Amino acid sequence: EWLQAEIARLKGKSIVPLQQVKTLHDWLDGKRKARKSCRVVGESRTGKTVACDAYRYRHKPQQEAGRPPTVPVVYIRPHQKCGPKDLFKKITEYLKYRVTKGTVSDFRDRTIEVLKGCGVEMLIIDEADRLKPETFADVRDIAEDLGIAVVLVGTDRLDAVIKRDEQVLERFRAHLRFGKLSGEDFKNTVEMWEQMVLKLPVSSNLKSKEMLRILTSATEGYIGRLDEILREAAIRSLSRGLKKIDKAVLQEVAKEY
Amino acid sequence: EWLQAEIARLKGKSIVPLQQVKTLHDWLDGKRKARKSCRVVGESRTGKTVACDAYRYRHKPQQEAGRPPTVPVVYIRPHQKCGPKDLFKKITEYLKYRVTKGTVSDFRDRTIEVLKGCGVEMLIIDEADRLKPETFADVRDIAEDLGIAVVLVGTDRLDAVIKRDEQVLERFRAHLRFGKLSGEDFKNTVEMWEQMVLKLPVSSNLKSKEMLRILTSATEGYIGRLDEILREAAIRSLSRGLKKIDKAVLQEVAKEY
Amino acid sequence: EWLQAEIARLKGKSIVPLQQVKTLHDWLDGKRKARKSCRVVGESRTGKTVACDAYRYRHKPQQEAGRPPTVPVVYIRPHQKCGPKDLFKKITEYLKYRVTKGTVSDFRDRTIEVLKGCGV
DNA sequence: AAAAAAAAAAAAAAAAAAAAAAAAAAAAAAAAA
DNA sequence: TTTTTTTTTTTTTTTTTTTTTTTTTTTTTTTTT
Ligand SMILES: Nc1ncnc2c1ncn2[C@@H]1O[C@H](COP(=O)(O)OP(=O)(O)O)[C@@H](O)[C@H]1O
Ligand SMILES: Nc1ncnc2c1ncn2[C@@H]1O[C@H](COP(=O)(O)OP(=O)(O)O)[C@@H](O)[C@H]1O
Ligand SMILES: Nc1ncnc2c1ncn2[C@@H]1O[C@H](COP(=O)(O)OP(=O)(O)O)[C@@H](O)[C@H]1O
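Cut-offs applied
- Residues numbered from 1 in each chain as written, not as in the entry; some residues may be left out.
- Chains lettered and ligands numbered in written order.
- Part of a larger assembly, values for the part shown.
- Heavy atoms only, no water.
- Residues with missing side-chain atoms left out of burial classes, pairs and counts.
- Helix = DSSP H or I, 4+ residues; strand = E, 2+ residues; numbered from the N terminus.
- Rg over C-alpha atoms; globule rule 2.2 N^0.38 Å.
- Buried < 20%, exposed > 50% of the residue type's maximum accessible area, 1.4 Å probe, protein only.
- Pairing = 2+ DSSP bridges.
- Contact = heavy atoms within 4.5 Å.
- Buried area = accessible area lost by both parts, 1.4 Å probe.
- Salt bridge = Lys/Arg side-chain N within 4 Å of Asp/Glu carboxyl O.
- Polar contact = N/O pair within 3.5 Å; in protein donor to acceptor, adjacent residues only side chain to side chain.
- Nonpolar A, V, L, I, M, F, W, Y, C, P; charged D, E, K, R; others polar.
- Near = heavy atom within 4 Å.
- Areas by Shrake-Rupley, 256 points an atom, 1.4 Å probe, with all protein chains shown as cover.
- Patch = residues over 30% accessible without salt bridge, like charges linked within 9 Å, V, L, I, M, F, W, Y side chains within 5 Å.
- Core = buried A, V, L, I, M, F, W, Y, C linked by side-chain atoms within 4.5 Å.

Header annotation of the entry names cryo-EM as the structure determination method and lists the resolution as 4.2 Å.

The following block contains the structure:
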């Protein structure tokens, strides 16, 4: 069944180029060449993790000689209430280096060693709100001991937590802020996203004022909502024999959430 | 004594089908196939818990091969003031895997491991109100990390707690409601209940208005209350040498409860 | 330099099929089907190590099922004076499972678990 | 001058981070036959 | 040419101390029209 193949294909995830993504990539590349630490602030379901992650694929570490890998960008997602030891362990795990059983001071020394051996000019920390207040001192300690840029990606809680300590705030003053979709930006994004993700036999008439209206009402500018809504509508539309997404199907999916 | 066997039958619990149960089962099957998080909210004594139990029994784990048995659906019942560590322990023990000792980080790692190895399509959490606010920060983390359709089940209090965090509410936007029985639905439920759950030999027509008024006034549309009343009336009537429910016995029971 | 490229090729390692190796492979397949323990005794500098490694390459890990790797054949090289802890740990690490730091009893149970989950 | 449900100032429950002894058991090995 | 005693050498297994949050329950609300 061809429909089965399309269902399986849609149930996946794909990357669709966007302007804000390119802006973030260029800004972060500038910071990486300057070795200047910074932070990034945005709302949930805006796709900032996808931008931080898509950037790292381009700069994947490649080593041809017998010497160990030289990695320029390392990327870790801390768990809830991640402490100092837990964070160091993740840095070591990402570099495919054997964790040494021992104490926290041993973890600190080992982390400095593995980071000194490789490049690791830029470190992208996601979900920085979850980071425990005790650990930020270690983060900036690393940023000062070695010339490595540190990027703290978080929401408004990141702002709130950072502004409580003077040194951390001084270290991470420069920043980039994400926005939401609206107007022509939103319409162009919907058109581009459907052309990039949907290969349905017939057009969905997305440009129509009414479809844009209901998608705006259900989306509110959050790409993390538009992607899910349109993918579910597509799977359901194809499942009922409709090659294209239809107005009633859109209304149904929007009503469920 | 034949009456003793009948009494044993009446005291033991049984499961019957209802419109709400079938609706929930179809809805949850959809959510499980699409790997989407959702929640179930309704009043107490409406029987939604038994619906979850029946759904689990339908999807029995299958282990044809010598490898780890497939476990499609997981169902956990947290106790009062439940934390993250105990939640992880319950998930681990439900899958017949030993619980290694150590800090919470090890518990998170072990839980992710055992959930990856088995199928673990959808995870259902009964009486979700008992969980602490901090436990949701890990439930949602699992939902984002792996393709599991986490399902929260509880009362109206659940929404009041979920609204405290923007991200938790953003994750769960779909829901199904359970509610009271009334009118023709209530009358049909009573008539069906007399035939299946009760083991009385003759008569006991609860369709009539006189008995319906009693059961309606005492029950208030809650299915669990109805079950209690009918079983007790039948047992007491059998003890009194009666083979059919009589209005006087029905009246006597409800004023004690 | 072309000559240096040829030299770099000659300094490499190659594998050549011999009747000795094929005999060992057929024998090992028989023993695996029979699920019977056995042993191979052979002199030094005979290449039996390479033959066993090639056998391992014949059957690659089968990830075709959705949850575990289901690797049917494992191959470990113990160090000198290999203790029980190091043995269990090598077996565990070969299957991409983290080491549950503890006592040798914990390593024993953990190794049994990962050996049951995988084909082995 | 008489009446008011809402911020500060106080007790239990979990959770995590580090030395510091003590004994057993074995394995080799040098001297002595 | 093996045996006794030494000698070392791993190897393994077990007790005490401190700090930081979260959450909930009374008294105060003086301040306010
Ligand atoms: N550039 C993109 N292309 C395609 N899908 C995207 C993109 N950005 C975000 N998404 C959708 O949004 C989700 C990722 O958003 P998320 O990483 O949760 O945002 P954040 O982590 O910044 O809160 C994915 O499920 C994906 O489908
Ligand atoms: N389909 C059913 N068949 C038999 N008994 C039921 C059914 N649904 C509910 N009940 C009765 O109602 C009670 C169910 O309440 P419960 O499952 O605890 O719901 P809740 O969790 O909302 O309180 C049980 O005691 C059971 O006897
Ligand atoms: N079938 C073979 N193909 C290629 N080289 C071989 C083969 N058999 C032996 N060799 C050579 O012999 C060496 C392998 O010997 P080795 O594995 O050390 O034997 P063992 O360890 O059993 O003494 C390699 O350096 C390799 O070049």
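Q: Break down the overall build of chain C for me, with residues and values.
A: A tally of regular secondary structure across chain C gives five helices and zero strands. In terms of overall size, chain C is more extended than a compact globule, its C-alpha atoms giving a radius of gyration of 18 Å where 120 residues would be expected to give roughly 14 Å. Based on the C-alpha atoms only, the size of chain C along its principal axes is roughly 55 × 40 × 40 Å. The proportion of buried residues among the 120 residues of chain C is 19%.

Q: Tell me about the pairing of strand β2 (residues 73-76) of chain B, and please be specific about residues and values.
A: Residue and element names in this part refer to chain B. Burial of the side chains of β2 extends over both faces: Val73 and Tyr75 are buried on one face and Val74 and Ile76 on the other. By the bridge criterion, four bridges tie β2 to strand β3 (residues 122-125) in an arrangement that is parallel. Paired with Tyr75 across the bridge in β3 is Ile124.

Q: How would you explain the interface of chain B and chain A if you had to name every residue and give the values?
A: The interface of chain B with chain A comprises 19 residues on the first partner and 16 residues on the second. Approximately 1,500 Å² of surface area, both sides summed, lies buried where chain B meets chain A, with 33% of it carried by carbon and sulfur atoms. Of all residues in chain B, B:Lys36, B:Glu170 and B:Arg173 give up the largest surface area on contact with chain A, accounting jointly for 32% of the area buried on that side. Summed over the shared surface of chain B and chain A, the result is seven salt bridges. Linking A:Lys81 and B:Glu134 is a salt bridge whose minimum nitrogen-to-oxygen distance equals 3.3 Å. Applying the counting criterion to the chain B and chain A interface returns five residue pairs in polar contact. For the side of chain B that touches chain A, the secondary-structure elements that each account for two or more residues are α2 (19-34), α5 (104-117), α6 (133-145) and α8 (166-171) of chain B. In terms of residues, the side of chain B that touches chain A owes the most to one element, α6(B), which gives six residues. Partitioning the side of chain B that touches chain A into residue classes produces three nonpolar, two polar and 14 charged.

Q: An account of the site of ligand 2 is requested, with residue identities and associated values reported.
A: Residue and element names in this part refer to chain B. Among the 15 residues in the neighbourhood of ligand 2, the closest are listed as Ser14, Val16, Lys48, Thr49 and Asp227. Between ligand 2 and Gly47 there is a distance of 3.3 Å, counted from an oxygen atom to a backbone nitrogen or oxygen. Bound to the protein, ligand 2 loses 84% of the 570 Å² it would expose on its own. Mapped onto the shell around ligand 2, the elements with two or more residues apiece are α3 (48-58) and α11 (223-239). Its residues assigned to classes, the shell around ligand 2 comprises five nonpolar, six polar and four charged.

Q: How would you sum up a nonpolar patch on the surface? Please name residues and give values.
A: On the surface, A:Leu18, A:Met192 and A:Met196 cluster together to form a nonpolar patch covering roughly 230 Å² of accessible area. Secondary-structure assignment places A:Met192 in helix α9 (residues 183-197).

Q: Got a sec to walk through the nonpolar core? Specific residues and values, please.
A: One finds A:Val74, A:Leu95, A:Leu115, A:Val120, A:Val139, A:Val150 and A:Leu152 to be the most contacted residues of the largest nonpolar core, which totals 30 residues. Contributing elements (two or more residues each) for this core: β2 (73-76), α4 (84-94), α5 (104-117), β3 (122-125), α6 (136-145), β4 (149-154) and α7 (156-162) of chain A. In this structure, B:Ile76, B:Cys82, B:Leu95 and B:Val120 belong to the second largest nonpolar core, which totals 28 residues.

Q: Which residues make up the site of ligand 1, and what values do they have?
A: All names here are of chain A. In the region of ligand 1, 14 residues are neighbours, and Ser14, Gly47, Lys48, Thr49 and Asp227 sit closest. One of the backbone N or O atoms of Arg45 is found 3.2 Å from an oxygen atom in ligand 1. Contact between ligand 1 and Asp227: an oxygen atom at 2.7 Å from a side-chain N or O atom of the residue. The fraction of the free accessible surface of ligand 1 (570 Å²) that becomes covered by protein chains is 86%. Element by element, the count of residues in the shell around ligand 1 is highest for helix α11 (residues 223-239), at four residues. Each residue belonging to the shell around ligand 1 can be placed in one class, and the counts come to four nonpolar, six polar and four charged.

Q: Lay out the pattern of salt bridges in plain terms, naming residues and giving numbers.
A: Applying the stated criterion to the full structure yields 69 salt bridges over all chains. Ionic pairing is found between A:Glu134 and A:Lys132, a salt bridge with its closest N-O pair at 3.0 Å. In this structure A:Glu134 comes out as partly exposed when scored by relative accessible area, which is 45%. Across the pair A:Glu252 and A:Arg240 runs a salt bridge whose closest N-O atoms are separated by 3.1 Å. Of this pair, A:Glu252 sits in helix α12 (residues 247-256) while A:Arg240 is found in the loop between α11 and α12, placing the two residues twelve residues apart along the sequence. Note on A:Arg240: relative accessible area 51%, which makes it exposed. A cluster of three or more residues bridged by salt bridges with shared partners is formed by A:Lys13, A:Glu228, A:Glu232, A:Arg236, A:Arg240, A:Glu252, A:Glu256, B:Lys31 and B:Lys36.

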